[PDB]
Amino acid sequence: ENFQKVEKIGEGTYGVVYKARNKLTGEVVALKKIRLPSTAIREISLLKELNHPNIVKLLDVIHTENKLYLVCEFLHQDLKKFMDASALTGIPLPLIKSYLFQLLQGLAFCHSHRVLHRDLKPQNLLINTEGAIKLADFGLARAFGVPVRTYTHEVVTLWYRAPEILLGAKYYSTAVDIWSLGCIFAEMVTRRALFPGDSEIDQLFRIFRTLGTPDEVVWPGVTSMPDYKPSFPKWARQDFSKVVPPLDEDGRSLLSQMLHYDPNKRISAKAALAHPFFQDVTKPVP
Ligand SMILES: *CCC(=O)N1CCN(CC)c2ccccc21
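Here the sequence shown stands for residues 2 to 37, 45 to 294, where the numbers follow PDB author numbering.
Okay, structure coming up:
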């Protein structure tokens, strides 16, 4: 009886989200319920301290009756819905730039605390009516693993997955989130997913057909990754001018750096924020 359900507002990889009202404070919140060694409660509890204007505020973590509840600030819409609703005309470039600038600040903060997301996608980027955008679900992928199917048996999207993950690397760096964010960036600009794979191999070959099949020159160590096969077809790289029109030259330079194959060479969030693409960044209200 601590929270009143108002309405169901969404479904993530692990559980359902309701808008709720805090009985005793009157505050409106988003309450995620997840069913069911395990360091998940410790690690997720630590995210209550990892506060930033571009990270969804984690108000509380409740473990009771073999369910995990996450109490978050209420935000009104995800980026996937906003992109679908903006399909006819597209999100305006100054708003795209504002959103990427803010998302990079959120990543830079978590990354500075050694915390990775590992599963960024438009569905977990939430916006308000004031012009802010925030990252949701930090910590959940690491705590629980990324399953093939969600709790409601939907396919977990591969579209934003970094190539080192797809090639079976055992160690993920903060670069995995930069890759994902660069995919989201291209999708806002073109109104179409950059790499819409429908299996792990289809995802990898879509990446290869655009960026070129990687070799030891662009990506040292690539031919010794666990899931690398010498039989991969060898596609030549496309020019970014084709990939994301009509992004200007600064956006294209930034995007190419977010999409470097080698996780060691891929631009950091901190470095991306200093990119000349942001020289004229503003905060428009949609
Ligand atoms: C704690 C609530 C939560 O995890 N999130 C991320 C998932 N969703 C549903 C899209 C959400 C919406 C509004 C506010 C927070 C959250």
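Yeah, the Cβ is synthetic: ideal placement off N, Cα and C, and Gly gets one too.
With a threshold of 16 other CB atoms inside 10 Å of the CB of residue 190, please say whether the residue is buried or exposed. When all chains shown are included, residue 190 counts as buried.
In the structure shown, what three-state DSSP assignment does residue 23 receive? Strand.
Roughly how far, in whole angstroms, is the beta-carbon of residue 181 from the beta-carbon of residue 271, given that I think they are within contact range, below 8 angstroms? Indeed they touch by this definition, with Cβ atoms about 5 angstroms apart.
What does a CB cutoff of less than 8 angstroms around residue 91 pick up in its chain, not counting 5 residues either side in sequence? Correct list, in chain order: 99, 130, 195, 196 and 199.
Looking at C-beta atoms only, is the number of pairs between the stretch 152-162 and the stretch 12-28 that lie closer than 8 angstroms three or more? Verdict: yes, contact present.
Taking 7 angstroms as the line, does the beta carbon of residue 13 fall inside it for any heavy atom of ligand 1? Flag set: Cβ of residue 13 near ligand 1.
Beta-carbon gap between residue 74 and residue 37 smaller than 8 angstroms: For residue 74 and residue 37, yes; Cβs fall inside 8 angstroms.
Sorry if obvious, but does the Cβ on residue 132 come closer than 7 angstroms to a heavy atom of ligand 1? Residue 132 Cβ: within cutoff of ligand 1.
Quick check on residue 179: buried or exposed, where buried means 16 or more other Cβ atoms within 10 Å of its Cβ? Under this definition residue 179 is an exposed residue.
Secondary structure at residue 50, three-state DSSP: helix, strand or coil? Three-state DSSP puts residue 50 in a helix.
Return helix, strand or coil for residue 157, following the three-state DSSP convention. Residue 157 carries a strand assignment under DSSP once its states are collapsed to helix, strand and coil.
Is the beta carbon of residue 33 within less than 7 angstroms of some heavy atom of ligand 1? At least one heavy atom of ligand 1 is nearer than 7 angstroms to the Cβ of residue 33, so yes.
Would you kindly work out how many angstroms separate the C-alpha atoms of residue 234 and residue 175, rounded to a whole number? About 6 angstroms.
Suppose the cutoff is 7 angstroms on Cβ atoms and the five residues either side in sequence are ignored; what does the same chain contact list for residue 277 look like? So the list reads 112, 115, 116, 119 and 186, once near-sequence residues are dropped.
Straight-line Cα distance separating residue 285 from residue 292: Inter-residue distance for residue 292 and residue 285 is about 16 angstroms (C-alpha atoms, whole angstroms).
Beta-carbon separation of residue 64 and residue 143 under 8 angstroms? A contact, by the Cβ cut-off of 8 angstroms.
Just list the beta strand (DSSP E) runs in the stretch 68-128, keeping only unbroken ones of 3 residues or longer that don't cross its boundaries, in chain order. The stretch 68-128 contains, as complete beta strand (DSSP E) runs of 3+ residues, the segments 75-81 (chain order).
Other residues of its chain near residue 137: CB distance less than 6 angstroms, five sequence neighbours each side excluded: The answer is none, since no qualifying residue turns up.
Report whether the distance from the Cβ of residue 78 to the nearest heavy atom of ligand 1 is below 7 angstroms. The answer is yes for residue 78.
What's the gap between the Cα of residue 177 and the Cα of residue 127? Cα-Cα distance, rounded: 15 angstroms.
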